Each structure stands twice: as structure tokens, then as C-alpha cells.
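A single chain, nothing else alongside it, follows as C-alpha cells in the form deposited in one PDB entry.
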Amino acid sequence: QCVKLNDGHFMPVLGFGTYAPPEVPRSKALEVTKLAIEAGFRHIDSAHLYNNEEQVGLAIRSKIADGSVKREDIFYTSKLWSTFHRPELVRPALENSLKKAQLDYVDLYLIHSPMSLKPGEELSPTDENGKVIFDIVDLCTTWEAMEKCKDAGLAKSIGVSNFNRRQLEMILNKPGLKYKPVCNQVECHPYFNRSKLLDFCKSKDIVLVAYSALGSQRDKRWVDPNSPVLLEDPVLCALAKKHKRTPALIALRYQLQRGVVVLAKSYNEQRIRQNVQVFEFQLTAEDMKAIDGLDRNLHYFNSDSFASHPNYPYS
């Protein structure tokens, strides 16, 4: 089940999230990506940041080599990390990701974040207060570099991630724009449902892709443990009992019914298979209204590390 993007390529509407924190052994990403393809996932979300592209790429190539899928059946995404926003660094970062995955192309390459970081060896160059060391880059010039990558065939489609509406607007009104972003991948779930951003994306034929749709991995680097746990929400739980589903399935189905493409990360064999059940049932209009009521402007990513950055999108 696929949505047609504004460049004419096609994106599966449920995607598998591959990130696991560093205490998870690298080899697991390989195992669980194969499991996710076996279960029916066809859209796979990785990044340079995640340090797993070699494992994710191998899982994909294994599922091609054993005859399970064709390359053309898999939609693989990676992302340009914030230290590589300077235009001259964009193509080389993409080539790096292709060599890691051993793929001839990515189906989608995103600017991972609007918050440009000082170029260098560190993923997160830090200032002493622990604030990321910012860089001033015109993201319009980073976007022109992305467009060159699509023109060379390195990425079939190009898009952005963590952009707010005004940031998206800036790209859209760029003089001489050749390709609009196909998508904006952002934090989106019933506690932060981004309905104003969704409406703007829909008006621009840009797909909103929801990450942390199940409420995030709750990593203490960036997430306050007092924050309400999305999957313990009583309304989602009540809806899970009503449909004899689970609160995750409720959270995933809500996105599809608003025209949002949705990611789900799991490294558990059972939950991976469970998550494809999103296609097996429907929420009613009143169910959707109840879930719309949960919105509380809650982004789980909420650290002093980035909240002072000049291009923080939640400002």
C-alpha cells in the first residue's frame, strides 16, 4: 500500500524504524530488518546518525539474494546529518551512505534536521554548556545540493525532516527551485499531532511522515521520564479494548487515516509482526475525534542540547 509522491515515485505507507540506542549490539539491526521484511514491511528508515546502514543494507540485500523481494519492491531511506549541510558536503555524505548500505541508490534522502552543526569529525560537536555548536548555513543551498543528487540518480526522491512550516515555506519559495521536498519527516503522534503542519503539507502535495509515532524510545539523552507514556494513554487503551487491538496499533492506524505515512520501530519479533496489523482494521470518525483530543504539544525530543539552536523548529 503506497502513496504517490510529487515527483511521481511511490512510498509505502507503513515504514520500519531502524534506530536502536548504542547499548544495542550492531548486529541486531541486521536480524530485525530481515524480520521486518519477512513480516511485510517494504519501507525501511535509516540514517547516517544511526550507525546501522551497513547492517540495514545487508538485510535488504539478503532478502533480495534469497529471492524474497526485488530491489524495486523496497523503499530505503537515509538522511544527511547536520554536520554535512554545507553544499559541498552533501553529495559525499550520500555517497558514504550508499557505500555503507552497498546500494546503487536510495529511494529517499532527507535533510535529517534544519539545525546545522559545525562541520567536523564529531556527530554532535558540543560547547561546554553541552549545547550543540551551531553552523550558519543557508538551507536553500543545501537543498540545491540535494537536487543535484536526485539529478545524478544517487536518490530517487529527496525531502526534509524536522522542518516546521516556515522552514518548508522557505524551500518552496526558493528562486529556481527544481524539486519540491517529497515529504517532511517529523515527530507526530496523538500527543503532538501536528494538524496545522499536516494541513500545510497536504496543501503543498508534501507527504508528512510520522516518527516516534508510538511515543519514542524514551531515551534519557533527550526525553524527560516524567512525560506521559503514549502507549499507556487511557483513551488509546480504551480504543485498543474496543477494537481488540493494542494501543500501538491504535496509534499507527490513526496516522494512516489522516493521510500520514507512519514509521514504527520495534526490535521484538512479535511486535514487528503485530505492527503490520495496522492494515487489518479501521477507526471510526468518533474514534479519530477522541484521539484528536489527546494533543498536548508534547515533543519527546526536548533537550537543552538543541532548544537554543537558531533553527530549532519548535520555536
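In this text, rigid core is short for the largest set of C-alphas that superpose within 1.5 Å between two forms. One rule holds for the numbers: they count along the sequence shown, beginning at 1.
Another form exists, deposited in another entry; not displayed. Remarks below refer to it.
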Query raised in the report: Just one of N96, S227, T141, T126 has a CA that shifts 2 Å or more between this form and the one not shown on a core fit; which is it?
Result: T126
Requested in this report: Align both forms on the core first, then report whether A307 has a C-alpha shift of 2 Å or more between this form and the one not shown.
Outcome: yes
Query raised in the report: Do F163 and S303 have their C-alpha atoms closer or farther apart in that other deposited form than here, with the shift being 3 angstroms or more?
Result: closer
Report summary line: Evidently the Cα separation of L197 and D304 changes by 3 Å or more in that other deposited form, so the atoms lie closer
